[PDB]
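Form deposited in one PDB entry, single chain, as structure tokens, below.
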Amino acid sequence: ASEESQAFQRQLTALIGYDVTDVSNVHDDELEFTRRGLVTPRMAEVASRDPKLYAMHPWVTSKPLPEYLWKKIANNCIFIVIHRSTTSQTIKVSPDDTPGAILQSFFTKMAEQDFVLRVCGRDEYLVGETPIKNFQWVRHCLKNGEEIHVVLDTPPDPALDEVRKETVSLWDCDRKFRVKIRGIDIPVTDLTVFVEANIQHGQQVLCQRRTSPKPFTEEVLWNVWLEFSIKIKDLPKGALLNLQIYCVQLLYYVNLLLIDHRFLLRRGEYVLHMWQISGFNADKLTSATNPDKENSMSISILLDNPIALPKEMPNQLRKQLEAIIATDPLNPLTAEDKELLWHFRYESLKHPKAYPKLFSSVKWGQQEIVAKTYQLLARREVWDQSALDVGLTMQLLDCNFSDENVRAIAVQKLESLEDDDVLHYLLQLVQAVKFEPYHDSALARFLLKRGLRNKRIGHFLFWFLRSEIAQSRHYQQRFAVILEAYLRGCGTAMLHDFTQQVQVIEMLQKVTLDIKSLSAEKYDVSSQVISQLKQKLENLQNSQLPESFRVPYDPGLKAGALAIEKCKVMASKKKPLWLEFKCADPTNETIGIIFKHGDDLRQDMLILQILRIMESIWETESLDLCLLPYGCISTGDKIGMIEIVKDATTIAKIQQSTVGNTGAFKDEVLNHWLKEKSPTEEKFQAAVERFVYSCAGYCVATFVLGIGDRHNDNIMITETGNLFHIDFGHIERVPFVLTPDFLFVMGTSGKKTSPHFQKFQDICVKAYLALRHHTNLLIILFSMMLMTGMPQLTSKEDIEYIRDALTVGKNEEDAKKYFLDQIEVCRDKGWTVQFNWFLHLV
């Protein structure tokens, strides 16, 4: 209503990248009702959260301090360098010392509580009643053997985060369901079309009726009643009326929810703008209609049937039911299996791992059965009590489940995750919103309240939602209605940082797309393209870009002015921008960021998230495989950013040092580069230990994912011997890369065993074992990222690579040999595929 409240909605639309106050693409108030419906949990969180802790966002974890990291604390007391101006005197504190206790041990050891421990060079705070061992920044320093540098700083003002003042039933109706297909209208040789109407409940198709084929014209009228066998009483909440135009080839689709957001049966006249098939995918389930009215095929339908929706086993069969529960998520159930799970549903409820299969075997098109399922769900004693299995929880949030009650018990288990884990699974929990039948949901409300509770979760939430909105027309309506709901609770300070970030990304994306236009595809980096970049960049800095911004992939870091003398264009075919920015904290080395158009960085983000999940799985088994999970955020269509890792070099560039652009690869090349880049033999004998652990980790990780066969120009290594892979936005043969240059560093010529190669295969095989223990988790993370992120998704063979790879249904002893067989494939191949990878240049 306020004249300035209208200017707030245009700031929101600039941050979101979509106008939520738009009704040109809706046939009901589903999104408007969701906007108002979210005010309640937004305000409950904004009110619930403590302001002094929300402002300083302490990054803690309640997981035990790992064994390898404990070895670094040999004195049961670690060093903390506290700095204030000139002062820079260290302190020895016990790992059980709260930052409050370490405050009394700094003031009493000097000659008041209004000072906090802030890390040097970042906006990261060691505050709150949590032991110093549980702070992430402390654990990060103990991993990379770095010294703890803090500052006696003034705490931020919690008032900076201020917020702006914000009839019959179905079960009585015994008639059959019907829908009149009036016609189809395309704006614009000699084929036929027919329409197919389906009653769907997630994946499962309850009923199906088609029209008679009629010639392919601009307007095709039918005016026909399609009668279905399903009674109106039997329609479940979340039932979708999928209308498809077939040429026998699917050309267009559009969904419409039979039961609306108010439990009412949908009736009336509807003119639906349809999506074209690109010439399985989460986008196929979307309730949103095609916004492009000018170029899309339309379908007009009619309904009127108000009507509202109301709210002891033998050993043999036990052995069959247990065998079924044991099988992996992708093992398909048969009618025999489904029937056995249902009849013995009370036995199945006693095992929580049998939840996805028990609910996958429910007759959803039968009111009577869904009513039994809801009574069955009330006996949730086992479920509530049970330990949180995130892998199992996520199965219940995928495409196979449209049930609000089924999906909600899963969100109830997610409320147990601490911030630390909510960050690991955030990308995936965000995509799972695509599978929710309705806009307002338990999951949406869950992501909102956690983002609003923690500024680190909030920052990442923003970038993930802003990402899908900027490259998904099927879901931008839903995700923007959730991003507005968040942005209206993060508080003024966040709303300012996001504006500066969005602004910088927008300008640099323009320059990335402009430099790509200038430098031709079949063209190297000339003097024209390099000087045009420095010219374009000077005009941005001189009055059109913020003097400061938080780094999207690492928010604790604030980047400042552009070091234009250090920026350049990369030699890749996609011509990425290598940019360097000066650090914005005085507390002169820059931040390196790569901007890139051309590759799908959602696939990059989805693999990088899985590497943090994998190294977490290992951390619990007291393993550390030094994976370098560099930052990378997708910002729109094929465009996005990548973190430049300090003093790291490509493996292919290391060999084309001894001898340049040629296929004669030496083994000693990498072994020399490591010693040449090491000051003392102590630092070189460390680089081989960082190489053995990091190398073994990337071998197992890429193998389980099916991205082990990579060109060595996409494999980098640091001067400190930390190997890492880059550019995952792509996907004879090889399982993973273990080329003879790497073996030389471990001590083996080939077909030999050295003491370090022995160390390598020991951790290598123990890491495979560790991941095999979390088979269902990896299967679901990959299975879900293919439903949403990877658009070339095969719901048959693509999804099942990880099944064969993860040694399903096999003993742990065979696995040790099988993994070592794949090690020996890389021994006999040597440089066979690496040579053919170099040959892919011409």
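By rigid core we mean the largest C-alpha set that fits within 1.5 Å across both forms. So that there is no doubt, residue numbering starts at 1 and follows the sequence shown.
The form deposited in another entry is left out here; the points below concern that form.
Superposed on the rigid core, the two forms differ between the shown form and the other one by 2 Å or more at the C-alpha of one listed residue only; from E336, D328, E415, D172 that residue is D172. Annotation: Cα of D157 displaced by less than 2 Å between the shown form and the other one, core superposition. Remark: with the core as the superposition reference, the CA shift of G636 between the shown form and the other one reaches 2 Å or more.
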